[PDB]
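S.K.: Protein chains in written order, with this note's numbering: chain P, 1 to 80; chain R, 81 to 211; chain F, 212 to 374; chain S, 375 to 461; chain G, 462 to 661; chain H, 662 to 795. Have a look at this one before I ask anything.
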Amino acid sequence: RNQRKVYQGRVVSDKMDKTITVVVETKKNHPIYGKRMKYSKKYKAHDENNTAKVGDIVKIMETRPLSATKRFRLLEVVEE
Amino acid sequence: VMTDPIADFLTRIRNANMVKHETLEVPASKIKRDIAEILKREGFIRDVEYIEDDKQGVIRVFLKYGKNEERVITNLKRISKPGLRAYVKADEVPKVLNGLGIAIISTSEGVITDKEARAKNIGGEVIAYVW
Amino acid sequence: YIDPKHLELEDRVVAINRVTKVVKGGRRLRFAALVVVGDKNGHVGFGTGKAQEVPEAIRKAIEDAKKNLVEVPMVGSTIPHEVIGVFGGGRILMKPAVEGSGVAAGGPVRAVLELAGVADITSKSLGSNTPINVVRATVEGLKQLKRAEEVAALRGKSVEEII
Amino acid sequence: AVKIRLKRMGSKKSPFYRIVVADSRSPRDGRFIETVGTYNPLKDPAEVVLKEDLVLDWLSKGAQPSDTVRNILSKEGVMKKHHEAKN
Amino acid sequence: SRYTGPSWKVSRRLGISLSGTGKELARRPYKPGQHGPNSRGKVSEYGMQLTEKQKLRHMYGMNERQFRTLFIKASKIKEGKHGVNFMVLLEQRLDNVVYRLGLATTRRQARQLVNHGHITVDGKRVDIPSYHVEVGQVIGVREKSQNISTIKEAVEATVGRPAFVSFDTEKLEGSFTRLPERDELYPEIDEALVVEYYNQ
Amino acid sequence: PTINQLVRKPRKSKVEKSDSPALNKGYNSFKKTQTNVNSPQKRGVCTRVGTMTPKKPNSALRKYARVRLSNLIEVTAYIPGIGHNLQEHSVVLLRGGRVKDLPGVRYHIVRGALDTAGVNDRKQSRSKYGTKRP
RNA sequence: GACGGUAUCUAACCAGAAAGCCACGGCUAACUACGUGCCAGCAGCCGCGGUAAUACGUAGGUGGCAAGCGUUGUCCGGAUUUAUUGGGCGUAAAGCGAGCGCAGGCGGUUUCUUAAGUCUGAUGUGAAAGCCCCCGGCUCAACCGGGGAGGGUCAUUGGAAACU
RNA sequence: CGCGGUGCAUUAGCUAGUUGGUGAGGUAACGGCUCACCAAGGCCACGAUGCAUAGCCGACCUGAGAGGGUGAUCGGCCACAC
Ligand SMILES: CN[C@@H]1[C@H](O)[C@H](NC)[C@H]2O[C@@]3(O)C(=O)C[C@@H](C)O[C@H]3O[C@@H]2[C@H]1O
Ligand SMILES: [K+]
Ligand SMILES: [K+]
Ligand SMILES: [K+]
Ligand SMILES: [K+]
Ligand SMILES: [K+]
Ligand SMILES: [K+]
Ligand SMILES: [Mg+2]
Ligand SMILES: [Mg+2]
Ligand SMILES: [Mg+2]
Ligand SMILES: [Mg+2]
Ligand SMILES: [Mg+2]
Ligand SMILES: [Mg+2]
Ligand SMILES: [Mg+2]
Ligand SMILES: [Mg+2]
Ligand SMILES: [Mg+2]
Ligand SMILES: [Mg+2]
Ligand SMILES: [Mg+2]
Numbered sequence: 001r002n003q004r005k006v007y008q009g010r011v012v013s014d015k016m017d018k019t020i021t022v023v024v025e026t027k028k029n030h031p032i033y034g035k036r037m038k039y040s041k042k043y044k045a046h047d048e049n050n051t052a053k054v055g056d057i058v059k060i061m062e063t064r065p066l067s068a069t070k071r072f073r074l075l076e077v078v079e080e
Numbered sequence: 081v082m083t084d085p086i087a088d089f090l091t092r093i094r095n096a097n098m099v100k101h102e103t104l105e106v107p108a109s110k111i112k113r114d115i116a117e118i119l120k121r122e123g124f125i126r127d128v129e130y131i132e133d134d135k136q137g138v139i140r141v142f143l144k145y146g147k148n149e150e151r152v153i154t155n156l157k158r159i160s161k162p163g164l165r166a167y168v169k170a171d172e173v174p175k176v177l178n179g180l181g182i183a184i185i186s187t188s189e190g191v192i193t194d195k196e197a198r199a200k201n202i203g204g205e206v207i208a209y210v211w
Numbered sequence: 212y213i214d215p216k217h218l219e220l221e222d223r224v225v226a227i228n229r230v231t232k233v234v235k236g237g238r239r240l241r242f243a244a245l246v247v248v249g250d251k252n253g254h255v256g257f258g259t260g261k262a263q264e265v266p267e268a269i270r271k272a273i274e275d276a277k278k279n280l281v282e283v284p285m286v287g288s289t290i291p292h293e294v295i296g297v298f299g300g301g302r303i304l305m306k307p308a309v310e311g312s313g314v315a316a317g318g319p320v321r322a323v324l325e326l327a328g329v330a331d332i333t334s335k336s337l338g339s340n341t342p343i344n345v346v347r348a349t350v351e352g353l354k355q356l357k358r359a360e361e362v363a364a365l366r367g368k369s370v371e372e373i374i
Numbered sequence: 375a376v377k378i379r380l381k382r383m384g385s386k387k388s389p390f391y392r393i394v395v396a397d398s399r400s401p402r403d404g405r406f407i408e409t410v411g412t413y414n415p416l417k418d419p420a421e422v423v424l425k426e427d428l429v430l431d432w433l434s435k436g437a438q439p440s441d442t443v444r445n446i447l448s449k450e451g452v453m454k455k456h457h458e459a460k461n
Numbered sequence: 462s463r464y465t466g467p468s469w470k471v472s473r474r475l476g477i478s479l480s481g482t483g484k485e486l487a488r489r490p491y492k493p494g495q496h497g498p499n500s501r502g503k504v505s506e507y508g509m510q511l512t513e514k515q516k517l518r519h520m521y522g523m524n525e526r527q528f529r530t531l532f533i534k535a536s537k538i539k540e541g542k543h544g545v546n547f548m549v550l551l552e553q554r555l556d557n558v559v560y561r562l563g564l565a566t567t568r569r570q571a572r573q574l575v576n577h578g579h580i581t582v583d584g585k586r587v588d589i590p591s592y593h594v595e596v597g598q599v600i601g602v603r604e605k606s607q608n609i610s611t612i613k614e615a616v617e618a619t620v621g622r623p624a625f626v627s628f629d630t631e632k633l634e635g636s637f638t639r640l641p642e643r644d645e646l647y648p649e650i651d652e653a654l655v656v657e658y659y660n661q
Numbered sequence: 662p663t664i665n666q667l668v669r670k671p672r673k674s675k676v677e678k679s680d681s682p683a684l685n686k687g688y689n690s691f692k693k694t695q696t697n698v699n700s701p702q703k704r705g706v707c708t709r710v711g712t713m714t715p716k717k718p719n720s721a722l723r724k725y726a727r728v729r730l731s732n733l734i735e736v737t738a739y740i741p742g743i744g745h746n747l748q749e750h751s752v753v754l755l756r757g758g759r760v761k762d763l764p765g766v767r768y769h770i771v772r773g774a775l776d777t778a779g780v781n782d783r784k785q786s787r788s789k790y791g792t793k794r795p
């Protein structure tokens with residue numbers, strides 16, 4: 001069975017019910033100079049019971065669109 | 081503050097060679113020991129030794145000068161810098177002066193010269209050029 | 212030191228510059244000639260000579276170049292390796308070239324290399340275009356060139372081990 | 375439908391053809407799914423190179439050869455092989 | 462286009478004998494024009510390189526564009542000296558093959574024969590003087606054309622043929638047994654200068 | 662600069678400008694705007710014809726024409742060659758090219774095209790000056 | 001069988017119908033005569049012309065190219081003249097008047113561990129056509145065809161742990 | 001859905017079905033896609049918004065390369081048909 005993309009990120013907003021905003025915080029190389037530049041990509045994830053809190057390391061798996069911007073489903077709360 | 085101890089070691093060697101000093105001393109580290117032994121076995125430096133102290137140890141290098149006090153080490157250049165790391169794939173391993181020099185590289189097999197790196201067919205981080 | 216004698220040297224007048232000294236009565240024009248003398252087998256030098264007449268300037272320059280000979284190491288028809296020679300505004304980068312590629316050089320560098328006997332080499336002048344300075348930079352790079360055997364002797368290794 | 379048909383190539387007054395599998399709607403020289411062979415009519419005995427395994431698989435899947443491609447496959451015996459497979 | 466003007470003036474502009482005899486440089490061995498007999502200043506290095514390139518392309522009677530393309534082809538060859546390879550390709554040019562076989566006295570005559578179709582490569586008519594002749598191909602006079610005083614005289618008169626060309630006078634059939642060598646070709650040309658010229 | 666400096670504020674190259682701006686802009690009557698179209702030449706009507714004084718090093722009467730182009734820009738163009746048939750309201754074709762002597766002349770008038778007549782008696786470089794082979 | 005009596009082949013006659021363009025002061029290969037007299041004009045830059053101009057016009061020669069030649073238009077290069085490869089800031093342009101400092105960039109030695117970066121193998125893909133490498137077909141070439149290679153800061157997966 | 005390919009900050013705030021939720025309806029189908037309620041959320045100096053320009057690409061020209069420029073013919077995708 002095919003695998004959907006899973007990301008590890010940090011919660012930066014939980015003031016919405018049944019959802020959270022997570023940040024991936026990857027690094028990329030500058031095309032010209034080759035230095036690693038910080039890059040913050042953040043997604044909206046559906047929380048079933050608002051378990052996650054702000055500033056928590058979590059895992060999210062991409063899913064079918066659940067709202068206008070929701071595209072991910074919470075899996076774990078790695079740290080608080 | 082000192083941000084590139086490897087580059088500092090290279091510069092110490094460069095200056096000592098420039099003034100034709102017989103020996104030099106540096107604060108010790110694993111990477112510095114690796115570089116020193118590579119130079120030792122490549123014949124760029126006459127000898128290496130270590131002293132155990134209570135900070136980090138000291139590494140002493142005895143330089144090598146040929147007949148007429150000709151300098152064996154022409155120069156050293158730091159390639160991978162904290163500001164800009166440099167990595168090369170196995171095919172991209174550089175040849176210094178068509179092999180007359182060497183390129184010290186850190187790889188998953190350890191710190192080795194470019195010859196050894198391309199013999200093993202692996203890349204790594206190009207620590208320095210020496211010639 | 213390279214003895215000019217016993218070497219069948221040839222001369223090339225790289226550039227003749229008309230240099231003026233201003234005097235009470237006007238201008239005293241003179242000719243300064245830069246000459247490259249070479250054996251086309253690994254020995255070359257350059258000289259400057261100043262005189263009122265072009266022939267005398269050339270003669271003095273030739274004598275100076277003779278006295279200022281140097282040896283250029285050469286592997287096959289090209290130089291052992293890449294090298295950058297810097298002198299004043301002069302900055303010349305020289306690279307070994309494959310057999311038969313020709314002298315990919317410009318200006319006085321062409322004269323220097325041809326008279327030294329290098330037949331295939333690439334080069335680029337990244338600095339000033341003044342003939343004297345570019346010639347000086349070229350000779351500095353050539354003196355920076357090294358021989359594989361001498362490198363092996365210095366490093367206490369065999370040439371195969373080095374390569 | 376899926377057609378096993380000839381895509382023209384070559385030069386003016388010197389045609390060459392590639393036997394390719396493509397959607398019938400796609401342009402003659404445009405989009406195609408997969409190449410299966412070649413066809414050179416300028417040779418007195420018409421030269422043909424064929425990936426007979428692919429051709430048979432597509433025929434089983436329901437590709438419809440054009441008239442000339444059907445002639446080519448008949449000459450090559452692929453059509454007989456597919457008929458036997460159906461049997 | 463083909464050059465149809467004088468040959469002696471071109472040869473003495475080049476400072477060498479294109480015919481290989483020196484007949485052109487025997488009298489007035491200097492450049493044509495009213496300024497020929499009186500001396501002139503030194504030629505620049507660019508002039509020397511241009512003179513060498515012109516030497517080659519006038520030797521083989523080729524236009525500059527075709528010369529460039531053939532030079533690039535020669536460069537493509539990985540082994541050997543670039544200038545030597547270019548010389549070898551120039552030799553392998555069909556006109557030069559006929560001239561070396563001696564079926565014509567001059568390269569212009571050889572080219573005219575090839576163009577008019579009096580030559581056949583491996584028994585098949587070839588009218589392309591630019592045709593590249595591989596080693597071992599047989600160049601023969603067209604059977605209908607074999608009875609012409611021009612080629613008969615050329616064959617009988619030609620006394621020396623390059624070591625790399627094998628020839629049979631009775632069949633009027635020749636070929637190359639191997640690639641020409643630098644020494645075997647015109648030594649008075651400096652292929653290195655042409656190489657540098659096209660290096661620009 | 663440091664690598665981080667370059668990352669933050671990358672290199673930016675100078676923008677070059679055309680030496681013959683008028684040829685680079687077309688005109689659309691409908692929208693009444695100017696289009697950015699590169700053209701090797703452009704047609705214009707000679708609004709004025711006369712002579713101009715060179716700059717200090719040179720003394721002559723350089724022959725010039727003030728021309729309104731098809732794109733409605735007014736420029737000044739030189740008249741190469743010796744003698745011309747141009748008059749105000751004469752249709753001419755303009756090519757790029759500066760004139761060192763003249764301060765504000767950036768274009769030349771193509772001889773032998775449109776109203777411009779070829780330079781009479783010309784026998785060398787006839788392709789320039791637009792005269793047929795005699 | 002539109003192309004089409006087209007490609008192509010054969011035979012006969014005639015050097016007879018078939019060469020222009022730009023440039024020649026230096027850059028830059030190519031030089032002299034007159035006419036002209038800061039006028040006429042040339043010119044990409046330097047700059048030529050004021051009565052003996054190799055720089056204008058013409059003629060003769062010469063050089064480059066060639067059924068093309070030259071001008072203009074525009075892109076890249078030369079240009080290290082935005083310098084990652086690959087520049088600098090005392091006097092040439094360039095160190096903020098100086099400091100405190102959030103974020104950011106960078107960061108001492110060393111044990112273990114991880115595997116994000118890093119290196120490495122496999123799989124899938126990066127269409128065809130096009131560049132490039134072989135091999136064939138057009139009399140050669142262009143052109144055409146067959147077979148490969150290449151092309152990702154790619155996705156999954158297995159390794160290595162020196163450096164970050 | 002991740003990632004990549006334009007300039008301007010002498011464009012700094014933008015957003016109100018907007019952000020999310022519970023229902024209902026709708027769609028081949030997920031979905032504020034639409035509607036009724038509930039809360040006030042969401043984007044933004046990692047450049048939101050706005051302004052100007054532009055079809056994108058395989059590819060093509062140039063360069064030693066890195067790169068720069070272009071997006072005709074041919075092929076892929078998209079958009080348009082006063
Ligand atoms: C006072 N007599 C003067 C004096 O001797 C000058 N020397 C300082 C001298 O200088 C000359 O010899 C020069 O070289 C200069 C020239 C203008 O006059 C010449 O004649 C100059 C003499 O006329
Ligand atoms: K001139
Ligand atoms: K730099
Ligand atoms: K200061
Ligand atoms: K790792
Ligand atoms: K809803
Ligand atoms: K519309
Ligand atoms: Mg001196
Ligand atoms: Mg048939
Ligand atoms: Mg042609
Ligand atoms: Mg000249
Ligand atoms: Mg002129
Ligand atoms: Mg003139
Ligand atoms: Mg540049
Ligand atoms: Mg000042
Ligand atoms: Mg200043
Ligand atoms: Mg548009
Ligand atoms: Mg460049």
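Ideal Cβ positions, reconstructed from N, Cα and C, are used throughout, including at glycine.
Would the beta-carbon of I184 of chain R fall within 9 angstroms of that of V191 of chain R?
M.R.: For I184 of chain R and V191 of chain R, yes; Cβs fall inside 9 angstroms.
S.K.: Please report the residue range of the alpha helix (DSSP H) in which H217 of chain F lies.
M.R.: Looking at the DSSP string, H217 of chain F is not in any alpha helix (DSSP H), and its letter there is neither H nor E.
S.K.: Is the closest heavy atom of ligand 1 to the C-beta of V233 of chain F under 8 angstroms?
M.R.: The answer is no for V233 of chain F.
S.K.: Where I111 of chain R and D171 of chain R are concerned, what is the direct C-alpha to C-alpha distance, given to the nearest angstrom?
M.R.: Answer to the nearest angstrom: the Cα atoms are 24 angstroms apart.
S.K.: Skipping 5 residues on each side, what residues in its chain have a beta carbon closer than 8 angstroms to that of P623 of chain G?
M.R.: Cβ within range, chain order: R561, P641 and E645.
S.K.: At a Cβ threshold of 9 angstroms, is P715 of chain H touching chain P?
M.R.: Not one chain P Cβ lies under 9 angstroms of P715 of chain H.
S.K.: Using the Cα positions of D588 of chain G and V602 of chain G, report the straight-line distance between them to the nearest angstrom.
M.R.: Rounded to whole angstroms, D588 of chain G to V602 of chain G spans 12 angstroms at the Cα level.
S.K.: Taking 9 angstroms as the threshold (beta carbon to beta carbon), is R140 of chain R in contact with chain P?
M.R.: With 9 angstroms as the cut-off, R140 of chain R does not count as an interface residue toward chain P.
S.K.: Grab me the residues of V286 of chain F's own chain with a C-beta within less than 8 angstroms of its C-beta, minus the 5 sequence neighbours each way, in chain order.
M.R.: These residues qualify, in order along the chain: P307 and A359.
S.K.: Flag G544 of chain G as yes if its beta-carbon sits less than 9 angstroms from any beta-carbon of chain F, otherwise no.
M.R.: Yes, its Cβ sits closer than 9 angstroms to a Cβ of chain F.
S.K.: Given a cut-off of 9 angstroms, decide if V376 of chain S and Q438 of chain S are closer than it, judged by their beta-carbon atoms.
M.R.: Yes.
S.K.: Please report the Cβ distance between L245 of chain F and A272 of chain F, rounded to the nearest whole angstrom; I am assuming they are in contact, meaning their Cβ atoms lie under 8 angstroms.
M.R.: About 6 angstroms separates the two Cβ atoms, so the contact holds.
S.K.: Can you look up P266 of chain F in the DSSP assignment and give me helix, strand or coil?
M.R.: It is helical.
S.K.: Closest to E282 of chain F by CA distance: which of F:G367, F:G328, F:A364 and F:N344 is it?
M.R.: When only C-alpha atoms are compared, the closest one is F:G328.
S.K.: With a threshold of 8 angstroms, establish whether the CB of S67 of chain P neighbours any heavy atom of ligand 6.
M.R.: Yes, since a heavy atom of ligand 6 falls inside the 8 angstroms radius drawn around the Cβ of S67 of chain P.
S.K.: Quick check: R302 of chain F and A348 of chain F, are their CB atoms within less than 9 angstroms of each other?
M.R.: Yes. Within cutoff.
S.K.: Can you tell which of G:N524, G:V616 and G:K539 has the C-alpha that lies nearest to the C-alpha of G635 of chain G?
M.R.: Nearest of G:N524, G:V616 and G:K539 to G635 of chain G, Cα basis: G:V616.
S.K.: Can you list the residues of chain F that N660 of chain G reaches, using a CB-CB cut of under 9 angstroms?
M.R.: Those within 9 angstroms of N660 of chain G in chain F are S312, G313, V314 and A315.
S.K.: Using only the alpha-carbon positions, how far apart do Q748 of chain H and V728 of chain H sit?
M.R.: Cα to Cα, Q748 of chain H sits roughly 11 angstroms from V728 of chain H.
S.K.: Can you list, in chain order, the stretches of the alpha helix (DSSP H) that have 4 or more residues and sit fully within the region 563-644 of chain G?
M.R.: With a minimum length of 4 residues, the continuous alpha helix (DSSP H) runs that stay inside the region 563-644 of chain G are 568-577 and 610-618.
S.K.: Give me the subset of the region 160-174 of chain R whose CB atoms are less than 7 angstroms from a CB atom of chain P, sorted by chain position.
M.R.: Result list: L164.
S.K.: Could you tell me whether any non-hydrogen atom of ligand 10 is closer than 8 angstroms to the CB of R526 of chain G?
M.R.: Checking every heavy atom of ligand 10 against the Cβ of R526 of chain G, one is found closer than 8 angstroms.
S.K.: Using a Cβ cut-off of 9 angstroms, pull out every chain R residue sitting near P291 of chain F, in sequence order please.
M.R.: Ordered by position in chain R, the residues that pass the 9 angstroms Cβ test against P291 of chain F are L177, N178 and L180.
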